[PDB]
Amino acid sequence: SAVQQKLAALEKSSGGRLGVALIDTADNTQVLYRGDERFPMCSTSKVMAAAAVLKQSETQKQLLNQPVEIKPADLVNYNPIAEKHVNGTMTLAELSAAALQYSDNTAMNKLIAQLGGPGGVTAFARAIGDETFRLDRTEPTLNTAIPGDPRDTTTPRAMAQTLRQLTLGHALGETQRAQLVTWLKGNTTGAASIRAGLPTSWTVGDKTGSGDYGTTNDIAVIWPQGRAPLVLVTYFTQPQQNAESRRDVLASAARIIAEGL
């Protein structure tokens, strides 16, 4: 398709490795570029951790209001929200919001612990049919994004399907699903990524991700005004360990996808 040639040309111009998966829910059509290759998830993994806690709250009705202590030792490299509550508490809801909307790494680590470790996040993925997702480490080491390293990776295809189920399908209860959508729609870190490649009139909920090897990711649900929603995953990684983020590549990929729908 014209789109796959344009995505290939974008990738060639960028010097990196680009992975894209679009699902059009209007007709369930998929557009894939390196859709079955593994990419480091980085902070896009935080969606699965939040969704797993949400699933727990279906049975533990009060779980999200459970206070969790933030101790100094819990603080890692990037904790914009947890920092504000050191030696205090945050609820599991507040921690979920912080992980998704501010990409707080301490918050993410508290969610993993609530789930009994990285194996508890991966287990939820398997439970909802994602056999590709694997979370092996905690923050910040899950962001090393070493070429060839299968730890803490997924594929664009797999993440797109899973993100659809969590947000548009019924992998989660109705209330949990809505809460996740509300959290994603209030993301604050995505203005320069997928959102920058799309019409301003479209509503977007997304979770960005970044790590070493210039890894620059964004996963998003898109509600075009007067049209079925779309799921768009864009993964991008580069061959130099100290490469700079390339959020423009994600916007450009979104723009190329928008040209055709």
# chains A, B, ... in the order shown; residues from 1 in each chain; ligands from 1
$ residues_around --residues "residue 32 (chain A)" --least-positions-apart "5" --cutoff "7 Å" --atoms "only C-alpha atoms" --output "PyMOL selection string"
chain A and resi 20-22
$ select_by_dssp --residues "region 56-214 of chain A" --states "helix (DSSP H, G or I)" --output "PyMOL selection string"
chain A and resi 56-59+63-65+72-74+82-85+92-101+105-114+118-127+141-143+156-167+174-185+194-197
$ residues_around --residues "residue 94 (chain A)" --least-positions-apart "2" --cutoff "10 Å" --atoms "only C-alpha atoms" --output "count of residues only"
16
$ closest_atom_pairs --of "region 45-121 of chain A" --to "region 159-164 of chain A" --cutoff "10 Å" --atoms "only C-alpha atoms" --output "Markdown table"
| residue | atom | partner | partner_atom | distance |
| --- | --- | --- | --- | --- |
| A:45 | CA | A:159 | CA | 9.5 |
| A:47 | CA | A:163 | CA | 8.4 |
| A:48 | CA | A:163 | CA | 8.7 |
| A:51 | CA | A:163 | CA | 9.8 |
$ write_last_selection --atoms "N, CA and C atoms" --output "PDB file, in the first residue's frame"
ATOM      1  N   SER A  45       4.632   0.028  28.744  1.00  0.00           N
ATOM      2  CA  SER A  45       4.264  -1.079  29.611  1.00  0.00           C
ATOM      3  C   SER A  45       3.394  -0.633  30.773  1.00  0.00           C
ATOM      4  N   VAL A  47       0.762   0.863  30.845  1.00  0.00           N
ATOM      5  CA  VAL A  47      -0.657   0.650  30.612  1.00  0.00           C
ATOM      6  C   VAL A  47      -1.072  -0.729  31.111  1.00  0.00           C
ATOM      7  N   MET A  48      -0.243  -1.744  30.865  1.00  0.00           N
ATOM      8  CA  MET A  48      -0.610  -3.097  31.271  1.00  0.00           C
ATOM      9  C   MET A  48      -0.622  -3.230  32.788  1.00  0.00           C
ATOM     10  N   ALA A  51      -3.782  -1.553  33.915  1.00  0.00           N
ATOM     11  CA  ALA A  51      -4.944  -2.358  33.568  1.00  0.00           C
ATOM     12  C   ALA A  51      -5.049  -3.587  34.455  1.00  0.00           C
TER      13      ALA A  51
END
$ closest_atom_pairs --of "region 191-251 of chain A" --to "region 37-44 of chain A" --cutoff "8 Å" --atoms "only C-alpha atoms" --output "CSV"
residue,atom,partner,partner_atom,distance
A:207,CA,A:44,CA,5.7
A:208,CA,A:44,CA,5.8
A:209,CA,A:43,CA,4.2
A:210,CA,A:42,CA,5.7
A:211,CA,A:42,CA,6.0
A:215,CA,A:40,CA,7.4
A:217,CA,A:44,CA,7.2
A:218,CA,A:44,CA,6.9
A:219,CA,A:44,CA,6.8
A:235,CA,A:39,CA,6.6
A:236,CA,A:39,CA,7.6
A:237,CA,A:39,CA,7.5
$ select_by_dssp --residues "region 18-229 of chain A" --states "strand (DSSP E)" --output "VMD selection string"
chain A and resid 18 to 24 29 to 33 39 to 40 67 to 70 88 to 91 153 to 154 203 to 210 216 to 223
$ closest_residue --among "A:4, A:141, A:200, A:132" --to "residue 31 (chain A)" --atoms "only C-alpha atoms"
A:4
$ closest_residue --among "A:123, A:75, A:230, A:128" --to "residue 110 (chain A)" --atoms "only C-alpha atoms"
A:75
